[PDB]
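The form deposited in one PDB entry is given below as one chain in structure tokens.
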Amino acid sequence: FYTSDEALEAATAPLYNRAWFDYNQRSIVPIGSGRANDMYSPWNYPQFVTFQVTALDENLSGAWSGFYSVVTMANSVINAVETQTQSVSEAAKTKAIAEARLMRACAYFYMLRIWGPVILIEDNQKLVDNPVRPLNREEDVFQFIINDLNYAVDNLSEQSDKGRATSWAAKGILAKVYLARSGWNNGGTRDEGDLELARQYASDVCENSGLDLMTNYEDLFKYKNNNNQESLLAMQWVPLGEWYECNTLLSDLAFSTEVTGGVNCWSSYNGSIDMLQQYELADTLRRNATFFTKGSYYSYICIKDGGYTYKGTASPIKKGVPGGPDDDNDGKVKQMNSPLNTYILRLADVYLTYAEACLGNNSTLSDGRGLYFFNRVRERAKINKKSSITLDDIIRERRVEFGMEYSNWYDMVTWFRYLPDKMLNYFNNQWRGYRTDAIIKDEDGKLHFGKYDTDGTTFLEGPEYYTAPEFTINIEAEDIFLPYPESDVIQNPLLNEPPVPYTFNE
């Protein structure tokens, strides 16, 4: 019985944390980043990188559970607005429905780029009464997402409490959705109507929001800057709160207690050879903020010991590894407990989305505001602007802008649905599963890949010294979308049957 706007807001707050917990607690890493080849470990979920995932994989069931937790929580909030409010304003009621529908849209948009067809649900009771329900078609899922985002665009405000969604966030996601739909199973061209809509929504955010990119890329990934102006939407973790409200990734991302102030950790992930090669030589700011590499210095990690220099010869994760409790983290670093929010949408994504929507079906983009906003991302990274861009420039730029943010894989699926032959060739040329013992730098700061001789000091350079994977799979169309989780298929055999049309309620 919610009797004030603030009481209702307390009920919608878990849409930003608890709802996402089953996904964030584990599977976000191998699905969003691993599968894109952002990083690799031979012991932690390598199958996601090498395309050898089985239906029994715990990450599939966890992700499925997490995304459906968002959907069903959203549905519960919408129901509560309509049945449990008694002095509550229409502004607050519509804001709550809008936040619920925004999150539901985000969950379905992730699922669409993991499994493809999924079950669309607006009535939780229908699911309870009969859980054996059919999949709906990819086109239905797109329309459902669009409808939810339309409501959020119309019913969120331009400004919000810090950490809460605005209409700019909804418009930014909607731009991404239209861009993703434009080429999806569309014979190698992008629908001009969807391109136009993507441009309209993205340009509105870029030109009119009054928001800007943070001056320093590294600042985006520090806890003191949670909910900075570039953060359009993020999971809002509560490190001093309940277990289901915490960001539990700290120990799985951090490679050594030397970068956690002594807090227990166990990561064996390293940035992939392919991913590391995406950073242009001049792009050291984004590279350093994403992965540690030999000799890189961090003034803001191990602050009490004058900063931190990585002295290993691998490429462990930096993004998501905020240092120890006293590294401007207000004591909020503990085992499996990170103070960082998890980004869902940054303004730089909208900039790059606008650029890609301006490129459209042309082979190059050499003028216009889309190119300007692409070049703002370059400028913020302190590297050269480009006088013209192609889709290949956009692919590279997105990988380096969003490395270790658990987003690159979803973008790669979108591209595969547009240009499947190009992207299968791309995936097969990423050297997935290859890793190497030693990555070092020369005088000019360029990375070199190889291993040490028996003496552990004499560097041997080149691919002949890489560690090859046990198996290199030829990646094909059938490999891209993941299988439905086996336990869920047992409970609902229609997950093995064709999708059917959704009956829309609007």
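In case it trips you up, residue 1 is the first one in the sequence shown, and so on. If you superpose the two forms and keep the largest set of C-alpha atoms that fall within 1.5 Å, you have the rigid core.
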| From residue 362 to residue 363, how many deposited residues does the entry skip: none, 1 to 3, 4 to 9, or 10 or more? | none
| note | Once average C-alpha B-factors are taken from the entry for 95 to 103 and 263 to 271, the winner is 263 to 271
| Can you tell me which stretch has the higher mean Cα B-factor, 184 to 192 or 389 to 397? | 184 to 192
| remark: Max C-alpha B-factor within the set 68, 51, 466, 481 falls on 466
| said: Per the entry's Cα B factor values, which of 55, 63, 39, 29 stands out as the maximum? | reply: 55
| Within this chain, which third does the Cα B-factor at residue 244 fall in: lowest, middle or highest? | highest
| request: Pull the Cα B-factor of residue 33 out of the PDB entry and bin it into the chain's lowest, middle or highest third. | output: lowest
| What third of its chain's C-alpha B-factors does residue 303 belong to: lowest, middle or highest? | highest
| message | Ranking every modelled residue in this chain by its Cα temperature factor as given in the entry, which third contains residue 25? | response | middle
| task | Pull the Cα B-factor of residue 282 out of the PDB entry and bin it into the chain's lowest, middle or highest third. | result | middle
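Below, we turn to the form deposited in another entry, even though it does not appear here.
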| field | Position with Cα shift of 2 Å or more, rigid core superposed between the shown form and the other one, options 127, 281, 336, 285 | value | 127
| said: Distance change of 3 Å or more between the C-alpha atoms of residue 490 and residue 130 in the other form: closer or farther compared with this structure? | reply: closer
| message | Quick one: with a 3 Å or larger change, is the residue 129 to residue 62 CA distance smaller or larger in the other form? Answer closer or farther. | response | closer
